[PDB]
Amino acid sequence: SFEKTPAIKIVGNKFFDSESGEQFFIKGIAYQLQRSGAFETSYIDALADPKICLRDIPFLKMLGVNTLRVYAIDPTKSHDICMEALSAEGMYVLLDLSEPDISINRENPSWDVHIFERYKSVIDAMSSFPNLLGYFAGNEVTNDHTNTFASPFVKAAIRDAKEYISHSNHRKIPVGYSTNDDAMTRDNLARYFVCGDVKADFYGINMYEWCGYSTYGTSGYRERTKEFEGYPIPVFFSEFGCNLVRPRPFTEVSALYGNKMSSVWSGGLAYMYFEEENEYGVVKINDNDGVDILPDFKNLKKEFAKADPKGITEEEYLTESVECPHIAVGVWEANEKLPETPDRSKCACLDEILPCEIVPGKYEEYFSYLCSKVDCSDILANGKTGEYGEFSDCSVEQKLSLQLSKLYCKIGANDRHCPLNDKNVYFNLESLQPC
């Protein structure tokens, strides 16, 4: 049963409960364990472990939240026990598709079969749950004026995740983006993610401008609210909770759900549940695996309890592409033109037919070496100029194998000797069998 969590849908720039027709406001907290790793994943998936999630849900209920943000799940594990238990308390999940070792690399961005496969894996693991509120296609990928060229890759990922869901049998869970709050980039980022032919479904900002006993006017919240007025998709704080002043009073919550902000914003999620030596938690897990409540907890609880946002109904609400920011060197360098959808079968053909292959700092050395001997244009991807090589969507190993093979063919010995000395290099006997 998921009767306490009917699926949430989007209409215009608001979220609505698909049964009641009432506007849905997010009252959230981030929920993610870390470690500080071959046989285990780098990330920990608390939603795959009933002993963890079932400990914490009663405390989450006490806080009064209706949403969690989860940054990483292991798609190979089951999640129904934890998802059902969250549903029984009226709780929804916002979920990042990426994970620390499979994300769009903001300093060398690609949108490729390896990252797309991760995204699909997550979608297929999690889309059966009606309380899955939405997916994030990226978190703070572009984060300042020196890496704006990563943003076309994120937009391609939004497009392709949405299309994969569209063509699947799943409920059409919306796909959005979570951004940081860098002054030089924020307006251009927000416009970029709703410009042209591909749009985010919703937009989360990780918002830390309000610290201590601040006010609507002095925090920056009034000016942010003014700038997002009329933005065409739902907008919310995907993180909040500046810890400059402790214990956090969380008085920003009174502003966020007040009349002035509730007409623009769809709520927000505090960062975060667990205390991890970063002074950001509201509970600390002791050496006996019990929950010890920290001084922030009561303050967040009290603020969420008093929050009573006045929205509008789906029926009363119901009664031209936006231009992409222009390019200026050192300010904004995200091309409107996006990379193509990664093509697993084209790329899988390299695995089959190439004479010389490599099994997955060697990449830098090897690309530098091979790309002085053959033309690597076919694997380059440039988000500034909107020029994406024919094989730029393949995995890094496939890309290196392609270049190695070109060098092998260029030499022309035909003696099965691949021209790079490394234990990971091998001649592919399938290349001999008569893509």
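Think of the rigid core as the biggest set of C-alphas that the two forms share within 1.5 Å after superposition. Start at 1 with the first residue shown and count on from there.
Greater average departure of CA atoms from the shown form, over structures and residues in 7 other deposited structures of this protein after a core fit, characterises 361-369 among 186-194 and 361-369. Coordinates for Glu40 are absent from at least a third of the other compared entries of this protein that model residues on both sides of it. In at least one third of the other compared structures of this protein with flanking residues present, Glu320 is left unmodelled.
Where coordinates are absent for parts of the deposited sequence, a chain break appears; between neighbours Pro360 and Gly361 it spans 4 to 9 residues. In terms of unmodelled positions of the deposited sequence, the stretch from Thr319 to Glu320 in this entry skips 4 to 9 residues. The mean C-alpha temperature factor is higher for 290-298 when 99-107 and 290-298 are set side by side.
As the entry records it, the average C-alpha temperature factor is higher for 367-375, out of 48-56 and 367-375. Highest C-alpha temperature factor among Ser36, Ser401, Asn382, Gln32, as the PDB entry reports it: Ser36. Highest C-alpha temperature factor among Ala305, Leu86, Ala190, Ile165 per the entry: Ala305. For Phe250, the recorded CA temperature factor ranks within the middle third of the chain's modelled residues.
Among the modelled residues of the chain, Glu397 sits in the middle third by CA temperature factor in this PDB entry.
The entry lists a Cα temperature factor for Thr142 that places it in the lowest third of the chain's modelled residues. Split the chain's modelled residues into thirds by C-alpha temperature factor. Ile26 is in the middle one. Among all modelled residues in this chain, the alpha-carbon of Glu277 has a temperature factor (C-alpha) in the highest third.
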